[PDB]
């Protein structure tokens, strides 16, 4: 069957200031041509808590086989306590599993110039949770994308539309073992 991958993300998945159809999850949906459906449920600026608030309706609506969780970066960019992000992501993971879906957790990191103890504590939550729940820990693309000015919006913060095909292709590779297409 044609399973659904739900993406529960922030602007890194929604695309910042662009059409939904331009963002990499839609490009991935197109690449997969109904082998698998990708539903992007991402909102620019969302904290982990905001994503968690949206999750139950999405699980009910979409009954996904997998949920790619790409959240917490906004919490970290706002300096909130890592344990709160960890606990929120924990609850998301619990809810995904309780809906008979498989979570996939994307590692998030802050940039190299961020406060370093804090950044390390923030980034550590992701491998910890992936081990705790025994779920896939997906790699994070942003630092590599930021190396390409031609893939970044003017702010130097958000990937642009030209980045999206590259991210889609890379994500397809990361997700290949999970969807197991013919």
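Positions refer to the first chain, counted from 1.
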*State which stretch shows the higher mean Cα B factor in the entry: 149-157 or 50-58.*
149-157
_Segment of higher mean CA temperature factor, 170-178 or 17-25_ = 170-178
*Which has the highest CA B-factor per the PDB entry: 98, 108, 104, 92?*
98
*If you rank every modelled residue in this chain by C-alpha B factor, which third holds residue 120: lowest, middle or highest?*
middle
_Third of the chain's Cα B-factor distribution that residue 32 belongs to, per the entry_ = highest
*If you rank the chain by CA B-factor, which third does residue 140 end up in: lowest, middle or highest?*
middle
*Lowest, middle or highest third of the chain for the C-alpha temperature factor of residue 45?*
middle
*Ranked C-alpha temperature factor of residue 66 among modelled chain residues, by third*: middle
